[PDB]
Amino acid sequence: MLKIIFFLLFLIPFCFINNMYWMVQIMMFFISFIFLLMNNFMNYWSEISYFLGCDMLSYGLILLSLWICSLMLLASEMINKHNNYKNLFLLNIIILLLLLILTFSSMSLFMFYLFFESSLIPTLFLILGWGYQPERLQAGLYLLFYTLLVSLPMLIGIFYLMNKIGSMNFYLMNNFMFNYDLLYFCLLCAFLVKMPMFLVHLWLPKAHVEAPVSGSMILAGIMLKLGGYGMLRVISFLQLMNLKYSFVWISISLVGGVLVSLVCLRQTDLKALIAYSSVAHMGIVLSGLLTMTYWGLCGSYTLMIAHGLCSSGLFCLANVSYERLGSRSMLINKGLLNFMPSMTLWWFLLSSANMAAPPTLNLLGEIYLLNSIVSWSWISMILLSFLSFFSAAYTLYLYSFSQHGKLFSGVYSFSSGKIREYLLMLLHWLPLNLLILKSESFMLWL
Amino acid sequence: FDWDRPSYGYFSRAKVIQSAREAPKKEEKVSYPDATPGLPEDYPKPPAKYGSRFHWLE
């Protein structure tokens, strides 16, 4: 994997050299193409460089990270229009990219945690250096301190594990199992905030709402997934303690799911709908994951990947409106079918994927997760039905009201659809259809 | 008695004398067999094992 790492480092200079926004973009896609070629892994750790490995679980996560990290540059061009320090933007993105690769490939838990929490900074740059709302300040406070206030405490659990174990490679922990009843909460809850959990969803709507197209795409596209990837690696040894205290987590996730869907119905902001929607889906992922059954886990991996893709594309849609009609509101945005009908196609498709319409790697997830939960406890079905029902419900409302009603009277002439955005929407969705042909690499990792 | 008054300081000098009691206390050194040892300069130092033996060898 050092091949990728050195490639990114040698891409860093382009940020300094003037007028390299598009040259950087093609390179990031090109290396993604290279990283695609490198694919032979099994469940065992593979490509063991000095301390960097790669695996089913890490391989797809990295590909999504490289994928989304290149799509940033397609998404954001107003930075170039404004000349709003394009150099700092490009440097921030690449720095973030390297951290993600090193986070997902750190074969040590401590190396993993180190890059995991190192990512706190570059994301904060991305919101703050290019935010729009005055809330951008307090939002950054929410994001950083919700994370650090629990992300720091696992640092003790990591060192405690060292003392009782002698290392932090993932295979080594798996050999052992811990049941001290604080190790469990300290690690679990610390990941749950970044997951996030319904009770600590609070920050996430704020972070997305007052963040640029780019930052929001990052926030919903990796950060939530990165929390989950840690879970998949770490719960190997939390089993007994998890079994004793698991009903609480699955309950709040499932209960919170129907609630947050009803929040979506009543919500009146494009980013707020998607933000709450993304929390809902990651609620079900957290559920299947905490089931720990084979079906749950192998499906969780899939739903994280698919959810990240759909959430990004929906954010590009939200950016499109925000960049034409200059206001996030449901009320102002309406009837866009009359102004960008070929775009409303993509609005429908990305909405479709978020409500689990096939052929859709998202959908492939819920079959796996729903099978797991139902097996785990028949009682779940009474809320699983409503959870999916209201899932599709708000997505319908989002698609219709935004695109259907009669136009808005006060709307000042704005340019029409353009190749950058069109290609951006295809690129997020079409792979989301591609993968089903070869889900086995994205479906089997245990 | 025809004795002579000693010098101004005849008793001020040292008195080196013969031994009659013949009881010199014994000159001795203490022995703590279990004192705390360190690493002698002759103890072989094989070059390090497993780098710095730290998290990722570094």
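Method-wise, the PDB entry is recorded as coming from cryo-EM, at a reported resolution of 3.68 Å.

Going by the PDB entry, chain B carries the name NADH dehydrogenase [ubiquinone] 1 alpha subcomplex subunit 8 and comes from Drosophila melanogaster. Each PDB entry has a title, and for this one the record gives "Drosophila melanogaster complex I in the Twisted state (Dm2)".

As annotated in the PDB entry, chain A carries the name NADH-ubiquinone oxidoreductase chain 4 and comes from Drosophila melanogaster. Turning to chain A, the UniProt annotation filed under Subcellular location states: "Mitochondrion membrane".

A. Summary view of the overall build of chain B. Along the backbone of chain B there are zero helices and zero strands. Each of the three principal axes of chain B carries a C-alpha extent, and together these read 100 × 25 × 20 Å. With an accessible surface of roughly 7,100 Å², chain B has 55% of that area assigned to carbon and sulfur atoms.

B. Broad picture of the environment of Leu137(A). All names here are of chain A. By secondary structure assignment, the location of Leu137 is in helix α9 (residues 136-151). Residue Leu137 is classed as exposed on the basis of its relative accessible area, which comes to 61%. It is 37 Å that separates the C-alpha atoms of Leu137 and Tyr245, two residues lying 108 residues apart in sequence.

C. Inspection of the side chain of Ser70(A) at higher detail. Residue and element names in this part refer to chain A. Mapped onto the fold, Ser70 is located in helix α4 (residues 56-75). On the basis of relative accessibility, which here comes to 0%, the residue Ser70 falls in the buried class. Those residues in contact with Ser70 that sit more than four places away from it in its chain are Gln25, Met28 and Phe29.

D. Spatial organisation of the nonpolar core. All names here are of chain A. In this structure, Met28, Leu71 and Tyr229 are the most contacted members of the largest nonpolar core, which totals 156 residues. In terms of residue count, α4 provides more of this core than any other element does, 15 residues in total. Sequence-distant contacts of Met28, defined by excluding residues within four places in its chain, comprise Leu11, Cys69, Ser70, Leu73, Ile93, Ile94 and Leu97.

E. Focus on the packing of helix α7 (residues 109-118) of chain A against helix α10 (residues 154-165) of chain A. Residues and elements named next belong to chain A. It is the contact of α7 with α10, at a shortest axis distance of 10 Å, that shows an interaxial angle of 165°. As summarised for this structure, α7 and α10 are arranged roughly antiparallel, according to the angle between their axes. Every pair of crossing elements has a handedness; the one defined by α7 and α10 is left-handed. Here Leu109, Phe110, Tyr113 and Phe116 of α7 lie close against α10, whose contacting residues are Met154, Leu155, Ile158, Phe159 and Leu161. For the contact of α7 with α10, the per-class residue count stands at nine nonpolar, no polar and no charged.

F. Spatial organisation of the state of the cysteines. The full count for this structure, using the stated rule, is zero disulfides over all chains. Here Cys54(A) is not disulfide-linked; the sulfur of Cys69(A) is the nearest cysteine sulfur, at 17 Å.

G. Quick look at the packing of aromatic side chains. Residues and elements named next belong to chain A. Under the counting rule described, the total for this entry stands at 36 aromatic pairs over all chains. Seen in terms of ring centroids, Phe112 and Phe191 are 6.3 Å apart; in terms of plane orientation they differ by 25°. Their pairing is stacked. On the criterion of sequence distance, the pair formed by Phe112 in helix α7 and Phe191 in helix α12 (residues 183-194) is long-range, its members being 79 residues apart. Arranged with centres 5.7 Å apart and planes meeting at 85°, the rings of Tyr160 and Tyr180 form a pair that is edge-to-face. With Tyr160 in helix α10 and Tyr180 in the loop between α11 (170-174) and α12, the pair connects residues that are 20 residues apart, well separated along the chain. The class for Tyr160 is partly exposed, based on a relative accessible area of 27%. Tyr180 gets classed as partly exposed once you look at its relative accessible area, which sits at 48%.

H. A look at the environment of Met107(A). All names here are of chain A. For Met107, the position within the fold is in the loop between α6 (86-105) and α7. Note: C-alpha distance between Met107 and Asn169 (62 residues apart in sequence) is 5.5 Å. Apart from residues lying up to four places away in sequence, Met107 is in contact with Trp45, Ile48, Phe51, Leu52, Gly53, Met168, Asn169 and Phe170.

I. Layout of the pattern of salt bridges. All names here are of chain A. Here the structure, examined in full by the defined rule, presents three salt bridges over all chains. Residue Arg233 is joined to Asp55 by a salt bridge in which the shortest nitrogen-to-oxygen separation is 3.5 Å. In this pair, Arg233 is assigned in helix α14 (residues 213-234) and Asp55 in the loop between α3 (21-37) and α4, connecting sequence segments 178 residues apart. Each member of the pair, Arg233 as well as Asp55, is classed as buried. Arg324 is the salt-bridge partner of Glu323, the closest N and O atoms lying 3.1 Å from each other. Looking at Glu323, the relative accessible area reads 32%, which means it is partly exposed. Counted as one network, the salt bridges with shared partners bring together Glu323, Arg324 and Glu421.

Parameters at a glance
Residues numbered from 1 in each chain as written, not as in the entry; some residues may be left out. Chains lettered and ligands numbered in written order. Part of a larger assembly, values for the part shown. Heavy atoms only, no water. UniProt positions renumbered as here; feature names shortened; annotations may be inferred. Helix = DSSP H or I, 4+ residues; strand = E, 2+ residues; numbered from the N terminus. Areas by Shrake-Rupley, 256 points an atom, 1.4 Å probe, with all protein chains shown as cover. Buried < 20%, exposed > 50% of the residue type's maximum accessible area, 1.4 Å probe, protein only. Contact = heavy atoms within 4.5 Å. Core = buried A, V, L, I, M, F, W, Y, C linked by side-chain atoms within 4.5 Å. Axes fitted to C-alpha atoms, helices over the stretch in contact; angles between N-to-C directions. Parallel < 35°, antiparallel > 145°, perpendicular 65-115°, else oblique. Left-handed = near helix turned anticlockwise from the far one by under 90°. Nonpolar A, V, L, I, M, F, W, Y, C, P; charged D, E, K, R; others polar. Disulfide = S-S within 2.5 Å. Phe/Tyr/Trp six-rings, centres within 6.5 Å; stacked < 30°, edge-to-face > 60°. Salt bridge = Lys/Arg side-chain N within 4 Å of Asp/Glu carboxyl O.

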